[PDB]
C-alpha cells in the first residue's frame, strides 16, 4: 500500500536531514507484514550503502533480548524472579544484598545501582569487588533508576543454572529459535563486511568492550532480523518453542508502575491508545535516566495486548528504537548509525504509527 510509503517518507526524510544521519534502516509492521526502507551509507568513506543485510549496533535495545532470555529461563523453571541475587552468586556475601531479588535487578529497582559499570572493572574479581562495595541509596523496590549495572547483572545470573554463558544461552535459546540468523553479540569475521560504522562528531566508531556489555548493550542486528524480533514479541503464540513463547509473555508483564509507564523485563509499556507527549517527553534522558518512585503491581499484570511496547537504544555511534502495539499488529523499527536525540526518534515513530492506526 502506497499509504505506508507516503507517511514514512514524509516523516523520516526530514528527520534524516535535520539530524544529519549518515545511514538508516526502517521497518514498519502493518497487519503483521514488514515493509522495509533504507537510506544512505553504512560506511561513508567506502561509500557502502545501507542494505537490509546491514548490521547496526542496537545499544540498550539489547535489554529486550536480555528480558526475554530471562523470561525463558523462568518458564524453564531454572529461576524465579523472587529468588535472591545471592542465590546465584554465593561469593556475593555483602550485608546490603539481603533483600535484593532477581526482579529488582531486572527492573532497575535494587536501590541505586549506577548507570554504567565502572570502566575500571575488567575482570571477574573486579566485578565482584564492584558489587561487594556498592552501597545502595534506597531500599529495594522503592525507586526505579535505569542502569546497565542492574539488568546486566540480572542477565549474567539468570543463565547460571543453564550452565551456558549468557552469549551462548542467548543465541541458542532466543536468536536461533526465532531465526535471527544475522543477529550477533560478537560479529564474526565473515560478517564484519556488513557491519556499519557508527559516526560520532565526524569520526567512525564501534562500541567498546565493557563489563556486562553483552547483557546491557551488546547486540548487533539487521533490519530484517529486527522486524522478526518485533513480530515475535507481538505474537508469541505463533512460536513453536513453548518456554520462549512464555518468556516473551513474561517480559511484557507489568511489574511496576511509574506515572503512565509500566516496567517489564527490558521492554517498557504504556496503555494504548497512548498520549504522544508522554512517550516523547518520557524518552528524553532528563526524564528517562532520572530516579522515579515505583508502584508494585501484585500480582504482575499478564501481558496486555492493548499496549504501546517500546525501547530506545544508543551507543557512541548508533541510535535505535523499536515500538509496537500487539492489539493492532502495528510496529516500527528504526536503526541509524548516528546517536541522535531520543525524543526525535519517538516523535517520528508516533506520527508514522498514528497515521496507520
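Residue numbers count along the first chain shown, from 1.
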Is the mean CA B factor in the deposited entry higher across 52-60 or across 31-39? 31-39
Output the stretch having the higher mean C-alpha B factor in the entry; the candidates are 148-156 and 91-99. 91-99
Per the deposited entry, the peak Cα B-factor within the set 78, 83, 191, 215 goes to 191
Per the PDB entry, maximal CA B factor within 257, 252, 278, 165: 278
Within this chain's modelled residues, let me know which third the CA B factor of residue 335 belongs to: lowest, middle or highest. lowest
Quick tally, chain-level thirds of C-alpha B-factors: residue 106 sits in the lowest
Place residue 182 in the lowest, middle or highest third of its chain's C-alpha B-factors, as listed in the PDB entry. lowest
Residue 325 - Cα temperature factor, lowest/middle/highest third of chain: middle
Residue 313 CA temperature factor, ranked by third within the chain: lowest
